Amino acid sequence: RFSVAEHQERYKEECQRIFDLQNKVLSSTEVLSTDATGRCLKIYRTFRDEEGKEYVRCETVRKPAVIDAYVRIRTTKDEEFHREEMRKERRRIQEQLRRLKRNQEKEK
Amino acid sequence: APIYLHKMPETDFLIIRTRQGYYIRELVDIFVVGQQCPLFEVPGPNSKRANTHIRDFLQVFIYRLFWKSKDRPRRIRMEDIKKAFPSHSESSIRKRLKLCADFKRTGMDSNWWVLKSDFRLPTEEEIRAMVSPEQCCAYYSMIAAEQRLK
Amino acid sequence: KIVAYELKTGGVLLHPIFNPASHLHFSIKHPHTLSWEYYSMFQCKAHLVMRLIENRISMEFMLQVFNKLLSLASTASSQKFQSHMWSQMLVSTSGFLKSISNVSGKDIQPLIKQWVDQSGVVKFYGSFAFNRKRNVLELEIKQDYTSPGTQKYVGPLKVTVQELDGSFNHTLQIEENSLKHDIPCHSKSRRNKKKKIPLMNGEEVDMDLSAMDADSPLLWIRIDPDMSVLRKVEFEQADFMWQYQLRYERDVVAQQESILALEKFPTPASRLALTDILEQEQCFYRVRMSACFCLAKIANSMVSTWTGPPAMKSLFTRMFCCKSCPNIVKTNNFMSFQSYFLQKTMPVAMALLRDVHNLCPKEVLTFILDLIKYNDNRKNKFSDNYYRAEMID
Amino acid sequence: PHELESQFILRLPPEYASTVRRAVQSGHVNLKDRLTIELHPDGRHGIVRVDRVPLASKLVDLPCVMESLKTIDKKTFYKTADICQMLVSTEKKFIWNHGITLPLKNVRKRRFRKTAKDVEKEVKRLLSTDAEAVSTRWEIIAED
DNA sequence: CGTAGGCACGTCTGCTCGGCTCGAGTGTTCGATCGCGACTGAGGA
């Protein structure tokens with residue numbers, strides 16, 4: 001039931017074997033011959049055309065890679081509930097400054 | 001890392017292109033580099049060594065911008081540092097400039113970060129002793145692997 | 001030697017520019033107007049500054065500089081042209097710095113500007129305090145830069161702290177306005193279990209940790225251990241830290257400075273430390289020769305407390321006398337060359353013992369006279385003139 | 001300022017490679033007139049003209065990373081550039097599977113570990129279309 | 001007609017709060033020997 005020399009020697013020999021296989025393969029000048037849900041994603045899009053129209057586009061994504069990246073943003077944006085917020089902050093700063101100026105007028 | 005000398009293919013040359021033109025060398029020696037045995041530890045993301053390297057790299061860049069300044073009170077601009085490090089929040093850049101510099105709003109040197117008169121700007125060997133190039137390579141390996149995993 | 005001379009009178013100025021040194025009563029423009037003590041200290045400071053240049057730019061690059069100078073000179077030495085090329089055998093400062101910059105790519109112009117062109121040494125006064133809450137070591141290093149021989153150091157400074165987890169080096173940046181340097185400290189888990197404490201080299205030893213503080217892990221601190229500046233350090237450790245630094249350090253200059261600092265602490269633990277140094281072969285012999293005189297001074301300071309015989313007498317009879325006769329010395333065999341030096345230096349320090357009446361005891365004088373009478377040198381292959389001369393001393 | 005030099009490898013047909021090699025090792029500026037390189041605004045297509053004879057070229061991506069290393073004493077080597085592209089003369093087509101050396105052949109297919117979960121750009125375009133829209137309806141689907 | 005006293009941004013200042021890393025410190029588990037009594041063949045009364 002070795003817990004000491006057996007493990008150490010086994011690791012050492014596997015190390016020498018891999019080192020020696022890599023050296024040989026790499027220095028070879030031999031020529032080498034040239035050789036979960038199963039569910040797709042479909043999106044419906046509603047847009048307005050020039051003049052007056054309301055066409056709807058149904059687009060199906062069968063690439064599971066595109067799927068993963070697409071959904072992950074929605075799930076994030078669904079939990080994410082901004083230029084508008086920055087504008088609101090600017091309005092807040094303006095109001096605060098006006099209030100401070102009113103305070104200065106009251107003091108003087 | 002173990003390297004293995006191979007002769008070049010008989011068809012391949014090396015073209016060095018610059019803005020002015022193309023230049024051609026032949027090559028005769030090409031090594032194949034095996035699996036590397038790392039001697040430097042790449043830090044992890046958000047590690048203490050990682051944040052220390054980011055802070056020290058920003059400080060070294062700020063010192064070298066102060067050395068390059070020709071004004072007799074050495075002065076730099078903030079948006080040079082914001083062009084170099086655009087992912088940095090400006091609170092961290094102002095933290096690095098808080099000691100060793102001060103902001104002049106009015107008069108001469110206005111909208112510049114002049115160097116403090118009591119502050120001795122470090123010499124070239126001290127700035128070299130701050131950050132090592134191998135630490136920069138370890139940081140670049142960390143952020144490239146961060147991108148690939150992400 | 002150089003810090004004593006430069007604090008005594010002005011300073012030695014390597015490479016003056018033509019007066020450049022007006023603090024001293026002769027002119028340094030010519031070698032034949034220099035004082036002889038200034039000439040001796042000039043050569044001494046020159047070789048220490050070259051050791052500093054080796055510290056900044058490594059020893060193999062230094063030997064490459066010297067080989068490049070010699071090779072230019074020996075290609076010059078074979079030409080016949082009357083000095084078109086014979087002046088490559090003459091070195092200058094600018095040529096030496098240019099050859100250094102050629103072989104290394106680093107220039108040493110701050111080090112040259114500080115230790116060559118400026119003529120001063122630095123004085124360091126250090127004191128520490130251990131913050132138990134944040135586990136840090138707050139050093140306090142202040143310089144005396146207003147003395148006549150001194151100058152102000154603004155570079156980096158190495159400090160070596162021996163804690164229970166081992167020996168750690170730290171680099172401190174000592175700018176003009178700097179006073180407190182907070183360095184971090186490690187665990188104290190080698191006091192939880194008895195494990196060996198690892199030293200500056202790869203080895204580890206058993207230490208008696210009964211004298212150490214319970215709250216601090218750090219065993220000793222050394223400011224600038226490698227002598228990388230031209231400095232005089234005055235560090236304020238605790239006496240047990242000086243005793244640990246005397247016993248378990250693997251550096252002879254730290255053992256010597258702990259011997260030098262143990263003269264202010266005449267406690268019996270310091271007597272035990274110096275006596276354990278004296279008994280210990282595999283200590284460097286010039287440390288034991290200093291511990292003799294330190295033990296004599298400590299013994300003179302703790303009269304009306306000293307228990308047994310006079311200092312080093314029982315140790316002399318244990319090391320150098322017969323097993324059957326304690327007062328008869330062994331016949332002289334000087335073939336070891338370290339117990340010869342220790343044997344000829346131990347009565348010289350033992351004679352500095354004094355009683356409560358300020359007179360040398362008649363137990364040490366009788367011991368020295370019996371060392372003189374029973375001296376037999378018909379058996380060693382070496383002469384006895386220095387040992388007998390030290391007996392007269 | 002300094003701009004990092006951009007080195008790539010040029011692979012020629014073997015007879016044309018022999019003529020270009022002889023003209024390079026000769027060293028006259030006669031080679032300069034003989035060998036020209038025209039890179040098309042596709043970015044992955046070109047002509048290499050050897051002795052005024054046009055050859056069709058493709059700039060391909062190499063599977064490994066090469067690095068040019070210069071030396072003065074043949075004991076210490078300084079890295080000068082990274083090479084990752086080759087202008088072979090005679091997208092998926094612009095990716096080369098083999099490496100330059102003989103042991104590295106079919107490296108991308110066999111000696112490269114592949115970890116998997118263009119696509120990101122397509123997802124960004126889809127998000128932009130959703131933004132320009134009014135109502136979006138989504139369902140993970142089954143076979144249909 | 002001119003001419004000095006009030007509104008928007010930009011960048012920095014400073015304080016507060018929450019989160020993340022990291023190592024010291026402390027308690028918990030598990031193989032590694034140490035010792036005791038016993039098992040079991042073995043050469044002389």
Rounded to the nearest 500, the 222 nm mean residue ellipticity computed for the protein assembly as shown from DSSP H runs (n ≥ 4, each -39500 (n - 2.57)) alone is -12000 deg cm²/dmol
Expressed to one decimal in nm², the mean projection of the alpha carbon convex hull of region A:52-107 is 8.3 nm²
Sorted by chain and then number, the residues having a modelled amide H within less than 5 Å of the amide H of B:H6, at least 5 places away or on another chain, are B:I30, B:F31, B:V32
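If you rank C:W36, D:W138 by fewest surrounding Cβ atoms within 10 Å, what's the result?
Details: C:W36 7, D:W138 13.
By the 10 Å Cβ count, ascending, the order reads C:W36, D:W138.
Under Stokes-Einstein, with the Kirkwood radius over Cα pairs standing in for Rh, what whole-number D in µm²/s applies to the protein assembly as shown at 20 °C and 1.002 mPa s? Walk me through the numbers on the way to the answer.
Values: Rh = 36.2 Å.
The diffusion coefficient I find is 59 µm²/s.
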Filtering trypsin sites (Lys or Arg not before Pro) in region C:90-155 by DSSP loop and by at most 12 other Cβ atoms within 10 Å leaves C:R132, C:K133, C:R134
For chain B, longest principal axis from Cα atoms; helix B:48-67 axis from its Cα atoms; angle between them, nearest 10 degrees, is 70 degrees
extent check for region C:207-280: Cα max minus min per principal axis, descending, whole Å, gives 35, 31, 22
With region B:68-150 reduced to its Cα atoms and the Debye formula applied, log10 I(q)/I(0) at q = 0.20, 0.27 1/Å amounts to -1.09, -1.36
In vacuo Debye sum over C-alpha of chain A, base-10 log of normalised intensity I(q)/I(0) at q = 0.15, 0.16 Å⁻¹, listed in q order, is -0.95, -0.98
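Rounded to two decimals, what ratio of Rg to Rh does chain B give with C-alpha atoms and a Kirkwood Rh? Please report the intermediate quantities before stating the final value.
Numbers: Rg = 21.7 Å, Rh = 19.4 Å.
Radius of gyration relative to Kirkwood radius: 1.12.
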For B:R74, the residues 5 or more places away or on another chain with a placed amide H closer than 5 Å to its own amide H are B:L115
In whole Hz, the Karplus estimates of ³J(HN,Hα) for region B:86-103 (6.51, -1.76, 1.60; θ = phi - 60°; x where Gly or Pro) are x, 7, 6, 5, 6, 5, 6, 5, 5, 5, 6, 8, 5, 5, 6, 7, 9, 8
Listing C:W86, D:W96 by rising number of other beta-carbon atoms within 10 angstrom, fewest first, gives C:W86, D:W96
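Give the percent of DSSP beta bridges with both residues in chain C that are antiparallel, rounded to the nearest 5. Please list the in-between numbers first.
Working: 29 of 37 bridges.
Restricted to chain C, the bridges split so that about 80 percent are antiparallel.
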The convex hull of the Cα atoms of region C:82-213, divided by residue count, gives a volume in Å³ per residue of 195 Å³
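In square nanometres and to one decimal, what's the mean projected area of the convex hull around the Cα atoms of region C:238-372?
About 8.2 nm², averaged over all directions.
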With the label point 7 Å along the Cα-to-beta-carbon line of C:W306 and a cut-off under 17 Å to each amide N, the hits in region C:352-384 are C:352-369
When C:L63, B:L121, D:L87 are ranked with the fewest other C-beta atoms within 10 Å first, the list becomes C:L63, B:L121, D:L87
Quotient of Cα radius of gyration and Kirkwood radius for chain C, i.e. Rg/Rh, equals 1.04
Sorting C:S40, C:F96, D:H40 by the position of each Cα along the dipole of the protein assembly as shown (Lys, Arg +1; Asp, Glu -1; all at Cβ), the one nearest the positive end of that ordering is D:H40
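Percent of Cα-Cα pairs more than 23 Å apart in region C:1-122, please. Intermediate results must be reported in sequence, preceding the final value.
Working: 3144 of 7381 pairs.
For region C:1-122, the share of Cα pairs beyond 23 Å comes to 43 percent.
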XL table B:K104/C:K113; C:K1/C:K297; C:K98/C:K123; C:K1/C:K313; Cα-Cα > 28 Å flagged, in table order, is B:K104/C:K113; C:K98/C:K123; C:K1/C:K313
Scalar couplings 3J(HN,Hα) for region C:273-282 by Karplus 6.51 cos²θ - 1.76 cosθ + 1.60 (θ = phi - 60°), nearest whole Hz, x for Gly and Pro, are 5, 5, 6, 6, 5, 5, 5, 9, 5, 6
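For chain B, what does the relative contact order come out to in percent, with C-alpha contacts under 8 Å and a separation of six or more?
Details: 142 pairs, mean separation 34.0, N = 150.
It rounds to 23 percent for chain B.
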Taking a crude spin-label model, label points 7 Å out from Cα along the C-beta direction, the C:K29 to C:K194 distance in nm is 7.3 nm
Under the Karplus relation with 6.51, -1.76 and 1.60 and θ = phi - 60°, whole-Hz ³J(HN,Hα) for region C:124-131, x at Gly and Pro, equal 10, 10, x, 8, 10, 8, 9, 8
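Write down the Kirkwood hydrodynamic radius of region B:10-64, to one decimal in angstroms, obtained as one divided by the mean of 1/r over all alpha carbon pairs.
Numbers: mean 1/r = 0.0615 Å⁻¹.
Evaluated on region B:10-64, it is 16.3 Å.
What are the trypsin sites (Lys or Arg not before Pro) within region C:239-347 that DSSP puts in a loop, where the Cβ has at most 11 other Cβ atoms within 10 Å?
Details: sites: C:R247, C:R250, C:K264, C:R271, C:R286, C:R288, C:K297, C:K313, C:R318, C:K323, C:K330, C:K344; in loops: C:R250, C:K323, C:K330.
Answer by residue number: C:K323.
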Filtering trypsin sites (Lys or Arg not before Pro) in region D:1-87 by DSSP loop and by at most 16 other Cβ atoms within 10 Å leaves D:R44, D:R52, D:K74, D:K75
Heads up, region D:10-100 by the C-alpha gyration tensor (a ≥ b ≥ c square roots of eigenvalues; a/c under 1.5 rounded, else a/b over b/c prolate, else oblate) looks oblate
Once amide hydrogens are built 1.01 Å from N within the peptide plane, the residues lying 5 or more places from C:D355 or on another chain with amide H under 5 Å from its amide H are C:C360
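FYI, it's all coordinate maths here, none of it is from the lab. As a convention, Cβ positions derive from the backbone with ideal geometry for all residues, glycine included, and neighbour counts pool all protein chains shown.
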